[PDB]
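Colleague: So I've got this file, target.pdb, and it contains PDB, C-alpha atoms (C1' of nucleotides):
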```
MODEL        1
ATOM      1  CA  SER A  16      12.773  38.884 110.999  1.00  0.00           C
ATOM      2  CA  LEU A  17      10.152  37.354 113.305  1.00  0.00           C
ATOM      3  CA  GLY A  18       9.871  33.614 113.848  1.00  0.00           C
ATOM      4  CA  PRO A  19       6.795  31.935 115.340  1.00  0.00           C
ATOM      5  CA  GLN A  20       8.754  28.718 115.960  1.00  0.00           C
ATOM      6  CA  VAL A  21       9.353  27.130 119.347  1.00  0.00           C
ATOM      7  CA  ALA A  22      13.031  26.444 120.017  1.00  0.00           C
ATOM      8  CA  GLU A  23      12.863  23.008 121.653  1.00  0.00           C
ATOM      9  CA  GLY A  24      10.042  21.641 119.478  1.00  0.00           C
ATOM     10  CA  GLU A  25      10.986  21.707 115.790  1.00  0.00           C
ATOM     11  CA  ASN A  26      13.268  23.307 113.206  1.00  0.00           C
ATOM     12  CA  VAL A  27      12.387  25.700 110.386  1.00  0.00           C
ATOM     13  CA  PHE A  28      13.141  24.230 106.963  1.00  0.00           C
ATOM     14  CA  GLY A  29      14.475  25.936 103.861  1.00  0.00           C
ATOM     15  CA  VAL A  30      16.420  24.771 100.802  1.00  0.00           C
ATOM     16  CA  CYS A  31      19.724  25.864  99.271  1.00  0.00           C
ATOM     17  CA  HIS A  32      20.405  25.428  95.550  1.00  0.00           C
ATOM     18  CA  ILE A  33      24.198  25.119  95.456  1.00  0.00           C
ATOM     19  CA  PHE A  34      25.213  25.894  91.870  1.00  0.00           C
ATOM     20  CA  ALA A  35      28.812  24.787  91.278  1.00  0.00           C
ATOM     21  CA  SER A  36      30.260  25.936  87.969  1.00  0.00           C
ATOM     22  CA  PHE A  37      33.948  25.942  87.058  1.00  0.00           C
ATOM     23  CA  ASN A  38      34.094  29.751  87.286  1.00  0.00           C
ATOM     24  CA  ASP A  39      31.668  30.836  90.065  1.00  0.00           C
ATOM     25  CA  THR A  40      29.593  29.344  92.894  1.00  0.00           C
ATOM     26  CA  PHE A  41      25.991  30.313  93.703  1.00  0.00           C
ATOM     27  CA  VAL A  42      24.660  29.700  97.220  1.00  0.00           C
ATOM     28  CA  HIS A  43      20.947  30.510  97.058  1.00  0.00           C
ATOM     29  CA  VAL A  44      18.549  29.862  99.955  1.00  0.00           C
ATOM     30  CA  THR A  45      14.823  29.762  99.179  1.00  0.00           C
ATOM     31  CA  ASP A  46      11.736  28.316 100.875  1.00  0.00           C
ATOM     32  CA  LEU A  47      10.041  24.958 100.252  1.00  0.00           C
ATOM     33  CA  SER A  48       8.429  26.364  97.099  1.00  0.00           C
ATOM     34  CA  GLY A  49      11.623  27.960  95.817  1.00  0.00           C
ATOM     35  CA  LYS A  50       9.703  31.054  94.696  1.00  0.00           C
ATOM     36  CA  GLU A  51      10.517  33.183  97.760  1.00  0.00           C
ATOM     37  CA  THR A  52      14.237  33.744  98.300  1.00  0.00           C
ATOM     38  CA  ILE A  53      16.177  34.630 101.445  1.00  0.00           C
ATOM     39  CA  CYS A  54      19.862  35.111 100.642  1.00  0.00           C
ATOM     40  CA  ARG A  55      22.100  34.767  97.587  1.00  0.00           C
ATOM     41  CA  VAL A  56      25.754  35.802  97.814  1.00  0.00           C
ATOM     42  CA  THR A  57      28.448  34.489  95.479  1.00  0.00           C
ATOM     43  CA  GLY A  58      32.184  33.957  95.575  1.00  0.00           C
ATOM     44  CA  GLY A  59      32.680  36.956  93.303  1.00  0.00           C
ATOM     45  CA  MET A  60      30.866  39.239  95.735  1.00  0.00           C
ATOM     46  CA  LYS A  61      33.272  38.177  98.502  1.00  0.00           C
ATOM     47  CA  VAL A  62      36.569  37.976  96.566  1.00  0.00           C
ATOM     48  CA  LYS A  63      37.243  40.806  94.104  1.00  0.00           C
ATOM     49  CA  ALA A  64      39.177  38.762  91.554  1.00  0.00           C
ATOM     50  CA  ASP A  65      37.640  36.792  88.698  1.00  0.00           C
ATOM     51  CA  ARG A  66      40.179  33.939  88.758  1.00  0.00           C
ATOM     52  CA  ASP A  67      39.308  32.626  92.244  1.00  0.00           C
ATOM     53  CA  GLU A  68      35.536  33.065  92.275  1.00  0.00           C
ATOM     54  CA  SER A  69      35.066  29.275  92.153  1.00  0.00           C
ATOM     55  CA  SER A  70      37.800  28.863  94.788  1.00  0.00           C
ATOM     56  CA  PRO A  71      37.007  26.971  98.021  1.00  0.00           C
ATOM     57  CA  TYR A  72      37.945  30.053 100.069  1.00  0.00           C
ATOM     58  CA  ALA A  73      35.433  32.235  98.201  1.00  0.00           C
ATOM     59  CA  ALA A  74      32.814  29.482  98.461  1.00  0.00           C
ATOM     60  CA  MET A  75      33.504  29.235 102.211  1.00  0.00           C
ATOM     61  CA  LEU A  76      33.079  33.006 102.617  1.00  0.00           C
ATOM     62  CA  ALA A  77      29.846  32.902 100.594  1.00  0.00           C
ATOM     63  CA  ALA A  78      28.514  30.003 102.685  1.00  0.00           C
ATOM     64  CA  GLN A  79      29.397  31.826 105.919  1.00  0.00           C
ATOM     65  CA  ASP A  80      27.680  35.014 104.713  1.00  0.00           C
ATOM     66  CA  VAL A  81      24.599  32.990 103.691  1.00  0.00           C
ATOM     67  CA  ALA A  82      24.574  31.240 107.080  1.00  0.00           C
ATOM     68  CA  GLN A  83      24.869  34.562 108.929  1.00  0.00           C
ATOM     69  CA  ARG A  84      22.078  36.131 106.848  1.00  0.00           C
ATOM     70  CA  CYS A  85      19.933  33.036 107.494  1.00  0.00           C
ATOM     71  CA  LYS A  86      20.568  33.111 111.256  1.00  0.00           C
ATOM     72  CA  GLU A  87      19.484  36.764 111.123  1.00  0.00           C
ATOM     73  CA  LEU A  88      16.021  35.346 110.273  1.00  0.00           C
ATOM     74  CA  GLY A  89      15.968  32.067 112.193  1.00  0.00           C
ATOM     75  CA  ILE A  90      15.673  29.263 109.646  1.00  0.00           C
ATOM     76  CA  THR A  91      17.493  26.315 111.224  1.00  0.00           C
ATOM     77  CA  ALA A  92      17.527  23.393 108.766  1.00  0.00           C
ATOM     78  CA  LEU A  93      18.322  23.464 105.052  1.00  0.00           C
ATOM     79  CA  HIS A  94      17.864  20.839 102.395  1.00  0.00           C
ATOM     80  CA  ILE A  95      20.699  20.786  99.862  1.00  0.00           C
ATOM     81  CA  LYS A  96      20.066  20.699  96.111  1.00  0.00           C
ATOM     82  CA  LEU A  97      23.375  20.424  94.258  1.00  0.00           C
ATOM     83  CA  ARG A  98      23.442  21.667  90.668  1.00  0.00           C
ATOM     84  CA  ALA A  99      26.320  21.633  88.195  1.00  0.00           C
ATOM     85  CA  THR A 100      26.384  23.554  84.905  1.00  0.00           C
ATOM     86  CA  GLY A 101      24.351  20.846  83.178  1.00  0.00           C
ATOM     87  CA  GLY A 102      22.922  20.737  79.699  1.00  0.00           C
ATOM     88  CA  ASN A 103      25.237  19.879  76.824  1.00  0.00           C
ATOM     89  CA  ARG A 104      28.203  21.126  78.898  1.00  0.00           C
ATOM     90  CA  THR A 105      29.872  19.366  81.836  1.00  0.00           C
ATOM     91  CA  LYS A 106      27.892  17.663  84.601  1.00  0.00           C
ATOM     92  CA  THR A 107      30.639  17.572  87.258  1.00  0.00           C
ATOM     93  CA  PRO A 108      30.252  20.224  89.988  1.00  0.00           C
ATOM     94  CA  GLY A 109      33.145  22.533  90.733  1.00  0.00           C
ATOM     95  CA  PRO A 110      35.465  22.532  93.747  1.00  0.00           C
ATOM     96  CA  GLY A 111      33.386  25.112  95.627  1.00  0.00           C
ATOM     97  CA  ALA A 112      30.420  22.806  96.279  1.00  0.00           C
ATOM     98  CA  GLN A 113      31.925  20.550  98.959  1.00  0.00           C
ATOM     99  CA  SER A 114      33.727  23.512 100.539  1.00  0.00           C
ATOM    100  CA  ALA A 115      30.544  25.594 100.834  1.00  0.00           C
ATOM    101  CA  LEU A 116      28.617  22.560 102.114  1.00  0.00           C
ATOM    102  CA  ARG A 117      31.242  21.840 104.786  1.00  0.00           C
ATOM    103  CA  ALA A 118      31.419  25.569 105.596  1.00  0.00           C
ATOM    104  CA  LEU A 119      27.685  25.833 106.280  1.00  0.00           C
ATOM    105  CA  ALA A 120      27.812  22.515 108.171  1.00  0.00           C
ATOM    106  CA  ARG A 121      30.538  23.879 110.457  1.00  0.00           C
ATOM    107  CA  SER A 122      28.650  27.181 110.707  1.00  0.00           C
ATOM    108  CA  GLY A 123      25.709  25.245 112.108  1.00  0.00           C
ATOM    109  CA  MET A 124      22.900  24.786 109.593  1.00  0.00           C
ATOM    110  CA  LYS A 125      20.979  21.560 110.177  1.00  0.00           C
ATOM    111  CA  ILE A 126      21.391  19.316 107.135  1.00  0.00           C
ATOM    112  CA  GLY A 127      18.186  17.835 105.768  1.00  0.00           C
ATOM    113  CA  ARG A 128      18.336  15.797 102.567  1.00  0.00           C
ATOM    114  CA  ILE A 129      20.978  16.253  99.871  1.00  0.00           C
ATOM    115  CA  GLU A 130      19.923  15.614  96.282  1.00  0.00           C
ATOM    116  CA  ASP A 131      20.886  16.494  92.716  1.00  0.00           C
ATOM    117  CA  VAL A 132      19.010  19.059  90.623  1.00  0.00           C
ATOM    118  CA  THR A 133      21.628  19.124  87.864  1.00  0.00           C
ATOM    119  CA  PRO A 134      19.880  19.850  84.536  1.00  0.00           C
ATOM    120  CA  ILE A 135      20.980  16.608  82.876  1.00  0.00           C
ATOM    121  CA  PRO A 136      19.572  16.722  79.338  1.00  0.00           C
ATOM    122  CA  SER A 137      17.776  13.704  77.999  1.00  0.00           C
ATOM    123  CA  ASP A 138      18.977  14.319  74.437  1.00  0.00           C
ATOM    124  CA  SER A 139      20.596  17.719  74.002  1.00  0.00           C
ATOM    125  CA  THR A 140      21.447  19.929  71.044  1.00  0.00           C
ATOM    126  CA  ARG A 141      24.923  20.509  69.627  1.00  0.00           C
ATOM    127  CA  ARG A 142      27.733  21.228  72.095  1.00  0.00           C
ATOM    128  CA  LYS A 143      29.580  24.563  71.958  1.00  0.00           C
ATOM    129  CA  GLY A 144      32.589  23.655  69.837  1.00  0.00           C
ATOM    130  CA  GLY A 145      33.426  22.408  66.383  1.00  0.00           C
ATOM    131  CA  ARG A 146      33.871  18.898  65.046  1.00  0.00           C
ATOM    132  CA  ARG A 147      37.308  18.822  66.727  1.00  0.00           C
ATOM    133  CA  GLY A 148      36.539  20.712  69.946  1.00  0.00           C
ATOM    134  CA  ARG A 149      38.192  23.155  72.331  1.00  0.00           C
ATOM    135  CA  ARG A 150      41.798  22.234  71.611  1.00  0.00           C
ATOM    136  CA  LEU A 151      44.500  24.063  73.568  1.00  0.00           C
TER     137      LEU A 151
ATOM    138  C1'   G B   1      -9.427 -47.250   0.591  1.00  0.00           C
ATOM    139  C1'   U B   2      -7.759 -42.133  -2.824  1.00  0.00           C
ATOM    140  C1'   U B   3      -4.060 -40.080  -6.848  1.00  0.00           C
ATOM    141  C1'   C B   4       0.176 -40.800 -10.444  1.00  0.00           C
ATOM    142  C1'   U B   5       3.660 -43.973 -13.057  1.00  0.00           C
ATOM    143  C1'   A B   6       8.306 -47.026 -14.843  1.00  0.00           C
ATOM    144  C1'   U B   7       6.365 -51.417 -17.059  1.00  0.00           C
ATOM    145  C1'   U B   8       7.424 -57.964 -18.140  1.00  0.00           C
ATOM    146  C1'   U B   9       2.961 -59.983 -20.548  1.00  0.00           C
ATOM    147  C1'   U B  10      -2.188 -61.144 -24.137  1.00  0.00           C
ATOM    148  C1'   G B  11       2.833 -65.106 -31.368  1.00  0.00           C
ATOM    149  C1'   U B  12       3.342 -59.683 -34.534  1.00  0.00           C
ATOM    150  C1'   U B  13      -0.510 -54.600 -35.452  1.00  0.00           C
ATOM    151  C1'   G B  14      -5.061 -50.337 -32.199  1.00  0.00           C
ATOM    152  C1'   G B  15      -8.078 -48.623 -26.791  1.00  0.00           C
ATOM    153  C1'   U B  16      -9.809 -49.648 -21.183  1.00  0.00           C
ATOM    154  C1'   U B  17      -9.180 -52.102 -16.311  1.00  0.00           C
ATOM    155  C1'   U B  18      -6.216 -55.000 -13.114  1.00  0.00           C
ATOM    156  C1'   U B  19      -2.098 -59.391 -10.886  1.00  0.00           C
ATOM    157  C1'   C B  20       2.880 -57.328 -10.181  1.00  0.00           C
ATOM    158  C1'   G B  21       6.183 -52.967  -8.276  1.00  0.00           C
ATOM    159  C1'   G B  22       7.395 -47.878  -7.215  1.00  0.00           C
ATOM    160  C1'   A B  23       5.952 -42.009  -4.448  1.00  0.00           C
ATOM    161  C1'   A B  24       2.123 -38.893  -1.742  1.00  0.00           C
ATOM    162  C1'   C B  25      -2.957 -38.641   1.374  1.00  0.00           C
ATOM    163  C1'   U B  26      -5.980 -41.537   4.867  1.00  0.00           C
ATOM    164  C1'   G B  27      -8.622 -45.537   8.633  1.00  0.00           C
ATOM    165  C1'   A B  28      -9.041 -49.995  11.988  1.00  0.00           C
ATOM    166  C1'   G B  29      -5.423 -52.277  14.480  1.00  0.00           C
ATOM    167  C1'   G B  30      -0.980 -56.093  17.078  1.00  0.00           C
ATOM    168  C1'   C B  31       3.424 -55.080  20.067  1.00  0.00           C
ATOM    169  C1'   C B  32       7.241 -51.849  22.923  1.00  0.00           C
ATOM    170  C1'   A B  33       9.837 -53.845  30.188  1.00  0.00           C
ATOM    171  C1'   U B  34       5.006 -48.531  25.912  1.00  0.00           C
ATOM    172  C1'   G B  35       8.478 -43.481  26.847  1.00  0.00           C
ATOM    173  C1'   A B  36       9.916 -38.537  32.382  1.00  0.00           C
ATOM    174  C1'   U B  37      17.518 -41.411  36.509  1.00  0.00           C
ATOM    175  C1'   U B  38      18.153 -38.656  41.072  1.00  0.00           C
ATOM    176  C1'   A B  39      16.681 -33.904  43.284  1.00  0.00           C
ATOM    177  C1'   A B  40      23.504 -31.578  44.208  1.00  0.00           C
ATOM    178  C1'   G B  41      25.641 -29.972  52.370  1.00  0.00           C
ATOM    179  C1'   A B  42      23.674 -25.952  43.539  1.00  0.00           C
ATOM    180  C1'   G B  43      19.741 -22.410  43.012  1.00  0.00           C
ATOM    181  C1'   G B  44      14.674 -20.391  42.843  1.00  0.00           C
ATOM    182  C1'   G B  45       9.579 -20.743  44.867  1.00  0.00           C
ATOM    183  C1'   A B  46       5.572 -22.115  48.308  1.00  0.00           C
ATOM    184  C1'   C B  47       4.622 -23.049  53.669  1.00  0.00           C
ATOM    185  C1'   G B  48       5.101 -22.659  59.414  1.00  0.00           C
ATOM    186  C1'   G B  49       6.722 -19.932  63.659  1.00  0.00           C
ATOM    187  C1'   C B  50      10.330 -16.567  65.323  1.00  0.00           C
ATOM    188  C1'   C B  51      13.836 -12.460  64.839  1.00  0.00           C
ATOM    189  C1'   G B  52      15.982  -7.721  63.460  1.00  0.00           C
ATOM    190  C1'   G B  53      18.831   0.806  66.149  1.00  0.00           C
ATOM    191  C1'   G B  54      16.309  -2.826  58.117  1.00  0.00           C
ATOM    192  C1'   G B  55      12.605   1.118  54.831  1.00  0.00           C
ATOM    193  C1'   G B  56       8.335   4.574  54.281  1.00  0.00           C
ATOM    194  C1'   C B  57       3.992   7.202  56.309  1.00  0.00           C
ATOM    195  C1'   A B  58       0.983   8.961  60.304  1.00  0.00           C
ATOM    196  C1'   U B  59       0.754   9.561  65.583  1.00  0.00           C
ATOM    197  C1'   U B  60       2.984  10.184  70.391  1.00  0.00           C
ATOM    198  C1'   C B  61       6.632  11.133  74.549  1.00  0.00           C
ATOM    199  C1'   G B  62      10.902  13.108  76.979  1.00  0.00           C
ATOM    200  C1'   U B  63      14.378  16.650  78.617  1.00  0.00           C
ATOM    201  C1'   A B  64      18.134  20.364  77.454  1.00  0.00           C
ATOM    202  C1'   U B  65      18.975  25.251  75.192  1.00  0.00           C
ATOM    203  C1'   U B  66      16.991  29.982  73.595  1.00  0.00           C
ATOM    204  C1'   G B  67      13.086  33.598  74.121  1.00  0.00           C
ATOM    205  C1'   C B  68       8.585  35.620  76.518  1.00  0.00           C
ATOM    206  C1'   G B  69       4.776  36.587  80.809  1.00  0.00           C
ATOM    207  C1'   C B  70       4.422  36.896  86.585  1.00  0.00           C
ATOM    208  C1'   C B  71       6.940  36.998  91.581  1.00  0.00           C
ATOM    209  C1'   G B  72      11.325  37.242  95.667  1.00  0.00           C
ATOM    210  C1'   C B  73      16.211  39.379  96.932  1.00  0.00           C
ATOM    211  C1'   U B  74      20.694  41.255  95.539  1.00  0.00           C
ATOM    212  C1'   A B  75      25.407  44.074  92.123  1.00  0.00           C
ATOM    213  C1'   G B  76      27.212  41.662  89.810  1.00  0.00           C
ATOM    214  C1'   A B  77      26.781  37.745  85.772  1.00  0.00           C
ATOM    215  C1'   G B  78      29.353  35.110  81.163  1.00  0.00           C
ATOM    216  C1'   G B  79      34.171  33.542  80.039  1.00  0.00           C
ATOM    217  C1'   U B  80      39.745  32.592  80.547  1.00  0.00           C
ATOM    218  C1'   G B  81      46.167  30.195  82.198  1.00  0.00           C
TER     219        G B  81
ENDMDL
END
```
Go through the file and emit its structure as structure tokens.
Modeller:
Amino acid sequence: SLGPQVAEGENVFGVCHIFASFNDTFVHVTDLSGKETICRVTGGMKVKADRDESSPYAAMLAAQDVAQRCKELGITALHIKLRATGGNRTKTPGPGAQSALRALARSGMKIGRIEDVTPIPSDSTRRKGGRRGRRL
RNA sequence: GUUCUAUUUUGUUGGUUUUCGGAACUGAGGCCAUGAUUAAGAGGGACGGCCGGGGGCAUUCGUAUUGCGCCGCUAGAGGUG
């Protein structure tokens, strides 16, 4: 809750691991190591319905709550590490990722570098599903 | 050269060997236009370099998932129309 930084000189850097699944969105702000966390609120903590946890409105509320909790400390700039579900499952991030990113950008967090930390397998094991798949 | 024999014949009665001709064994020879068509846009093989997620054995690398050990903060997290 105490920052030794000078205001005009530099910015304080952190990182946010934006996990974008097709059912929930994690916005998790840690330090440069990643070991020490700061804030982690989800879409399900903000909206009390399971069907719109990965919604852009819930992701916007989670990004605004993360940005408010981060301005309560004083970290100014965040690097962005986008992460989908990964593994043998899908590698496309959900709809909440761009909404939470734009929400924290409009809230006023200084964007550093954006990169991908999606756990893309080299050569994975067998996908959840039979020989024919999740037919519906 | 070695072995066997049908036999014409010594004017006719008795034995042996040969000229003559027969079958088999063997040696020095003369000659052949002296004798092997080609290598199949058949095939096999050898040889040269190159190629190939061909096969086996050993070694080695990668990440994902699951689980465990340590740390930070939160009441939610999976999953579905």
Colleague: One number please: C1' of residue 65 (chain B) to CA of residue 46 (chain A), in Å, one decimal.
Modeller: 26.9 Å
Colleague: Let me make sure I understand: among A:120, A:60, A:76, A:126, which one has the smallest atom-to-atom distance to residue 77 (chain B) if we use only C-alpha atoms (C1' of nucleotides)?
Modeller: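 Counting only C-alpha atoms (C1' of nucleotides), the residue closest to residue 77 (chain B) is A:60.
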Colleague: Taking only C-alpha atoms (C1' of nucleotides) into account, what are the residues of chain B at most 9 Å from chain A, put as a count of residues only?
Modeller: 12
Colleague: In Å, how far is it from CA of residue 94 (chain A) to CA of residue 129 (chain A)?
Modeller: 6.1 Å
Colleague: Please work out which residues fall within 12 Å of (6.8, -56.1, -11.9), coordinates as given in the file, with only C-alpha atoms (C1' of nucleotides) counting, and return them as a list in words.
Modeller: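 Residues with an atom close enough to that point: residues 6, 7, 8, 9, 19, 20, 21 and 22 of chain B.
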Colleague: So which residues get picked by the PyMOL selection byres ((chain A and resi 133) around 8) here, written as a compact mmCIF listing (two decimals) with C-alpha atoms, in the coordinates of the input?
Modeller:
```
# COMPACT_ATOMS: atom_id res chain seq x y z
CA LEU A 97 23.38 20.42 94.26
CA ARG A 98 23.44 21.67 90.67
CA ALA A 99 26.32 21.63 88.20
CA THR A 100 26.38 23.55 84.90
CA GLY A 101 24.35 20.85 83.18
CA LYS A 106 27.89 17.66 84.60
CA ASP A 131 20.89 16.49 92.72
CA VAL A 132 19.01 19.06 90.62
CA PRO A 134 19.88 19.85 84.54
CA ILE A 135 20.98 16.61 82.88
```
Colleague: What is the distance, in Å and to one decimal place, between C1' of residue 4 (chain B) and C1' of residue 23 (chain B)?
Modeller: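 Atom-to-atom, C1' of residue 4 (chain B) and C1' of residue 23 (chain B) are spaced 8.4 Å apart.
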Colleague: List as a list in words the protein and nucleic acid residues near residue 26 (chain A), meaning an atom at most 8 Å away when only C-alpha atoms (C1' of nucleotides) are counted, but skip any in the same chain fewer than 4 places from it.
Modeller: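 Neighbouring residues, sequence-local ones excluded: residues 20, 22, 90, 91 and 92 of chain A.
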Colleague: Choose the residue, out of A:110, A:125, A:31, A:82, that has the smallest atom-to-atom separation from residue 48 (chain A); count all atoms listed in the file.
Modeller: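 When distances to residue 48 (chain A) are compared using all atoms listed in the file, the smallest one comes from A:31.
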Colleague: Using only C-alpha atoms, which of A:16, A:151, A:119, A:63 sits nearest residue 80 (chain A)?
Modeller: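 With only C-alpha atoms as the atom set, the closest residue is A:119.
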Colleague: Starting from the displayed file, determine the output of the PyMOL selection byres ((chain A and resi 70) around 9) and express the residue list as number ranges by chain.
Modeller: A: 38-40, 58, 66-69, 71-75, 109-111, 114
Colleague: Would you save the residues from that selection as an mmCIF file, in the coordinates of the input, using C-alpha atoms?
Modeller:
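Wrote selection06.cif, looks like this:
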```
data_model
loop_
_atom_site.group_PDB
_atom_site.id
_atom_site.type_symbol
_atom_site.label_atom_id
_atom_site.label_comp_id
_atom_site.auth_asym_id
_atom_site.auth_seq_id
_atom_site.Cartn_x
_atom_site.Cartn_y
_atom_site.Cartn_z
ATOM 1 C CA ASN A 38 34.094 29.751 87.286
ATOM 2 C CA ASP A 39 31.668 30.836 90.065
ATOM 3 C CA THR A 40 29.593 29.344 92.894
ATOM 4 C CA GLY A 58 32.184 33.957 95.575
ATOM 5 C CA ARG A 66 40.179 33.939 88.758
ATOM 6 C CA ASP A 67 39.308 32.626 92.244
ATOM 7 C CA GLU A 68 35.536 33.065 92.275
ATOM 8 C CA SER A 69 35.066 29.275 92.153
ATOM 9 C CA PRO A 71 37.007 26.971 98.021
ATOM 10 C CA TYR A 72 37.945 30.053 100.069
ATOM 11 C CA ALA A 73 35.433 32.235 98.201
ATOM 12 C CA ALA A 74 32.814 29.482 98.461
ATOM 13 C CA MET A 75 33.504 29.235 102.211
ATOM 14 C CA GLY A 109 33.145 22.533 90.733
ATOM 15 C CA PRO A 110 35.465 22.532 93.747
ATOM 16 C CA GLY A 111 33.386 25.112 95.627
ATOM 17 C CA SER A 114 33.727 23.512 100.539
#
```
Colleague: Using the atoms already present, construct N, CA and C atoms for region 101-122 of chain A and hand them back as a PDB file, keeping the file's coordinate frame.
Modeller:
```
ATOM      1  N   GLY A 101      25.410  21.599  83.817  1.00  0.00           N
ATOM      2  CA  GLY A 101      24.351  20.846  83.178  1.00  0.00           C
ATOM      3  C   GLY A 101      24.188  21.171  81.701  1.00  0.00           C
ATOM      4  N   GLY A 102      23.153  20.567  81.119  1.00  0.00           N
ATOM      5  CA  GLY A 102      22.922  20.737  79.699  1.00  0.00           C
ATOM      6  C   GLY A 102      23.947  19.969  78.883  1.00  0.00           C
ATOM      7  N   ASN A 103      24.234  20.492  77.687  1.00  0.00           N
ATOM      8  CA  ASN A 103      25.237  19.879  76.824  1.00  0.00           C
ATOM      9  C   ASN A 103      26.651  19.995  77.384  1.00  0.00           C
ATOM     10  N   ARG A 104      26.892  20.938  78.290  1.00  0.00           N
ATOM     11  CA  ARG A 104      28.203  21.126  78.898  1.00  0.00           C
ATOM     12  C   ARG A 104      28.414  20.107  80.021  1.00  0.00           C
ATOM     13  N   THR A 105      29.438  20.338  80.842  1.00  0.00           N
ATOM     14  CA  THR A 105      29.872  19.366  81.836  1.00  0.00           C
ATOM     15  C   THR A 105      28.850  19.207  82.958  1.00  0.00           C
ATOM     16  N   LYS A 106      28.823  18.008  83.538  1.00  0.00           N
ATOM     17  CA  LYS A 106      27.892  17.663  84.601  1.00  0.00           C
ATOM     18  C   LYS A 106      28.577  17.496  85.949  1.00  0.00           C
ATOM     19  N   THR A 107      29.890  17.687  86.014  1.00  0.00           N
ATOM     20  CA  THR A 107      30.639  17.572  87.258  1.00  0.00           C
ATOM     21  C   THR A 107      30.647  18.914  87.981  1.00  0.00           C
ATOM     22  N   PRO A 108      30.205  18.966  89.236  1.00  0.00           N
ATOM     23  CA  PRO A 108      30.252  20.224  89.988  1.00  0.00           C
ATOM     24  C   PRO A 108      31.679  20.654  90.286  1.00  0.00           C
ATOM     25  N   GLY A 109      31.845  21.957  90.498  1.00  0.00           N
ATOM     26  CA  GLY A 109      33.145  22.533  90.733  1.00  0.00           C
ATOM     27  C   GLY A 109      33.680  22.252  92.122  1.00  0.00           C
ATOM     28  N   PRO A 110      34.864  22.791  92.431  1.00  0.00           N
ATOM     29  CA  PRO A 110      35.465  22.532  93.747  1.00  0.00           C
ATOM     30  C   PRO A 110      34.807  23.296  94.881  1.00  0.00           C
ATOM     31  N   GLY A 111      33.987  24.306  94.580  1.00  0.00           N
ATOM     32  CA  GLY A 111      33.386  25.112  95.627  1.00  0.00           C
ATOM     33  C   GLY A 111      32.213  24.469  96.333  1.00  0.00           C
ATOM     34  N   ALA A 112      31.648  23.405  95.756  1.00  0.00           N
ATOM     35  CA  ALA A 112      30.420  22.806  96.279  1.00  0.00           C
ATOM     36  C   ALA A 112      30.645  22.148  97.634  1.00  0.00           C
ATOM     37  N   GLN A 113      31.623  21.238  97.708  1.00  0.00           N
ATOM     38  CA  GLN A 113      31.925  20.550  98.959  1.00  0.00           C
ATOM     39  C   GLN A 113      32.458  21.508 100.014  1.00  0.00           C
ATOM     40  N   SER A 114      33.199  22.536  99.593  1.00  0.00           N
ATOM     41  CA  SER A 114      33.727  23.512 100.539  1.00  0.00           C
ATOM     42  C   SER A 114      32.619  24.370 101.134  1.00  0.00           C
ATOM     43  N   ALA A 115      31.657  24.807 100.312  1.00  0.00           N
ATOM     44  CA  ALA A 115      30.544  25.594 100.834  1.00  0.00           C
ATOM     45  C   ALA A 115      29.616  24.743 101.691  1.00  0.00           C
ATOM     46  N   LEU A 116      29.444  23.468 101.324  1.00  0.00           N
ATOM     47  CA  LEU A 116      28.617  22.560 102.114  1.00  0.00           C
ATOM     48  C   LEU A 116      29.238  22.305 103.485  1.00  0.00           C
ATOM     49  N   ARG A 117      30.546  22.027 103.518  1.00  0.00           N
ATOM     50  CA  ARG A 117      31.242  21.840 104.786  1.00  0.00           C
ATOM     51  C   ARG A 117      31.318  23.138 105.584  1.00  0.00           C
ATOM     52  N   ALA A 118      31.379  24.286 104.902  1.00  0.00           N
ATOM     53  CA  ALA A 118      31.419  25.569 105.596  1.00  0.00           C
ATOM     54  C   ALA A 118      30.098  25.870 106.289  1.00  0.00           C
ATOM     55  N   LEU A 119      28.969  25.619 105.617  1.00  0.00           N
ATOM     56  CA  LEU A 119      27.685  25.833 106.280  1.00  0.00           C
ATOM     57  C   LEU A 119      27.411  24.761 107.335  1.00  0.00           C
ATOM     58  N   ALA A 120      27.957  23.552 107.153  1.00  0.00           N
ATOM     59  CA  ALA A 120      27.812  22.515 108.171  1.00  0.00           C
ATOM     60  C   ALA A 120      28.592  22.856 109.436  1.00  0.00           C
ATOM     61  N   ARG A 121      29.792  23.425 109.289  1.00  0.00           N
ATOM     62  CA  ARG A 121      30.538  23.879 110.457  1.00  0.00           C
ATOM     63  C   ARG A 121      29.967  25.170 111.029  1.00  0.00           C
ATOM     64  N   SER A 122      29.308  25.985 110.200  1.00  0.00           N
ATOM     65  CA  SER A 122      28.650  27.181 110.707  1.00  0.00           C
ATOM     66  C   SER A 122      27.397  26.847 111.505  1.00  0.00           C
TER      67      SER A 122
END
```
